[PDB]
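Heads up, the chain below is alone and in the form solved without 5'-deoxy-5'-methylthioadenosine; it's given as C-alpha cells.
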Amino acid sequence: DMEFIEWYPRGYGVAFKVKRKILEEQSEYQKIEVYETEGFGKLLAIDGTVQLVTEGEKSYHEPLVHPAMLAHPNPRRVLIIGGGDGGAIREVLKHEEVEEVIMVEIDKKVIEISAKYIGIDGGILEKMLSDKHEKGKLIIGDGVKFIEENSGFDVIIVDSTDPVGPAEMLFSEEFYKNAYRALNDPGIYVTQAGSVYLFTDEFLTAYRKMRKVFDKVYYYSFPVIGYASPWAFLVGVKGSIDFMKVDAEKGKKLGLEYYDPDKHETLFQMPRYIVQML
C-alpha cells in the first residue's frame, strides 16, 4: 500500500497510491524518481515534487502551449526553456506553422530518464539527443543565460522543473527584460505560475514585474492533474497580440483533450479576491 504525497504551504497535500517504484537516480542538479501509480500511469518526481503523471499530463502541457500558439498569427520559431519530459515540445510540434523549436534543458538526465521510462514524447527526445530531428533542436544548457544571447522567437514557453526554486525566472525582472527583447514583433511569452491558492503572493509578484516589462500581460488558470490545482499561468506579449482571442479553427485540428479553444474565455477563471489584489 505505497503512498506518494507532495506537501504544499499551509499543510495541503497531493497524494497518490502507488504500485511500485521504478527508478531513483541522482543527477548533478536533482533527484529523479519514477513510480508506477495505481490510476494515473507513471509519475515523474523531481526532488519529491510531481513533475507529471503520464495519465493526466496533457492537462498541463495543453494549456501551457496551445493558448499562446493559437494567439500568435504565425508561430514559426519557438523557444522552450525546460520541458525535459518532452511533453511541451510534443504539443508545440502539432502546429504546422512551426519551422523550428529550440529546447534548452540544463539536466540531461531528466531528458534521458523521461525518454526511456516516461515515454510521452513519442520519440522526439531521442531524435533530438542525436541531433536528427527536422524541427527540434536540443541544447543541454541554462535557459536564463540562453535568452541573454539569443533572439528571434515568435513564442517563448517556460516549462522548467525549477532546480533552484521558482525565483530564478519568476522574480527576475532582468530575465523578463531579456525575454521581451528575445521575442519577435509580435511575440508572446508564457509560463506556468504555480498554485493559484498556495503560491498566490509569488504569482502576484511575477505578474507585476511582467506588467512593467511587456506591452500587455495576462493571467489564466487551469485544472492540472497532479498539482495543487487550480494552476496559474502568466502571459507577456510584445506588440500586436490579443491573448483574449485564439484561432479556434486551428484549434479543432489539434485533437485536444483538456484545453477547449472553442471556449477560450473560460481559460481566465480566477478567484475574485486574487483578481482584486492585482
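For clarity, a rigid core is taken as the largest C-alpha set superposing within 1.5 Å between two forms. Numbers for residues come from their place in the sequence shown, where the first is 1.
When the mean C-alpha temperature factors of 138 to 146 and 71 to 79 are read from the deposited coordinates, 138 to 146 comes out higher. Comparing the deposited coordinates for 265 to 273 and 9 to 17, the stretch with the larger average C-alpha B-factor is 9 to 17. Taking the deposited Cα B-factors for 250, 212, 61, 245, the highest one is held by 250. The residue among 205, 184, 195, 160 whose C-alpha carries the highest B-factor in the deposited model is 160. Ranked against the other modelled residues of its chain, the C-alpha B-factor of residue 31 as given in the entry falls in the highest third. In the PDB entry, a CA B factor belonging to the middle third of its chain's modelled residues is recorded for residue 114. Ranked against the other modelled residues of its chain, the C-alpha B-factor of residue 221 as given in the entry falls in the lowest third. Ranked against the other modelled residues of its chain, the C-alpha B-factor of residue 24 as given in the entry falls in the highest third. Looking at the C-alpha B-factors along this chain, the one for residue 96 belongs to the highest third.
Another form, the form deposited with 5'-deoxy-5'-methylthioadenosine bound, is not on view; read the next lines as being about it.
Distance criterion of 4.5 Å from any heavy atom to 5'-deoxy-5'-methylthioadenosine in the deposited bound form singles out 159 from the list 121, 91, 159, 154. Of the listed positions (54, 59, 30, 221), a single one reaches within 4.5 angstroms of 5'-deoxy-5'-methylthioadenosine by any non-hydrogen atom in the deposited bound form, namely 30.
In short, of 160 to 168, 126 to 134, 67 to 75, 177 to 185 it is 160 to 168 that has heavy atoms within 4.5 Å of 5'-deoxy-5'-methylthioadenosine in the deposited bound form. Here the marked residues 83, 106 and 142 all reach 5'-deoxy-5'-methylthioadenosine in the deposited bound form, each with a heavy atom within 4.5 angstroms.
Using a 4.5 Å cutoff between non-hydrogen atoms, residue 101 does not count as a contact of 5'-deoxy-5'-methylthioadenosine in the deposited bound form. Of the heavy atoms in residue 217, none are within 4.5 Å of 5'-deoxy-5'-methylthioadenosine in the deposited bound form. Among heavy atoms of residue 206, none comes within 4.5 Å of 5'-deoxy-5'-methylthioadenosine in the deposited bound form. 5'-deoxy-5'-methylthioadenosine in the deposited bound form comes within 4.5 Å of a heavy atom belonging to residue 110. Checking 122, 152, 165, 73 for C-alpha shifts of 2 Å or more between the shown form and the other one, after the rigid core is superposed, gives a single hit: 165.
Between residue 128 and residue 163, the Cα spacing is larger in the deposited bound form than in the shown form, differing by no less than 3 Å. Between the C-alpha atoms of residue 166 and residue 211, a gap widened by no less than 3 Å is obtained in the deposited bound form, as opposed to the form on display.
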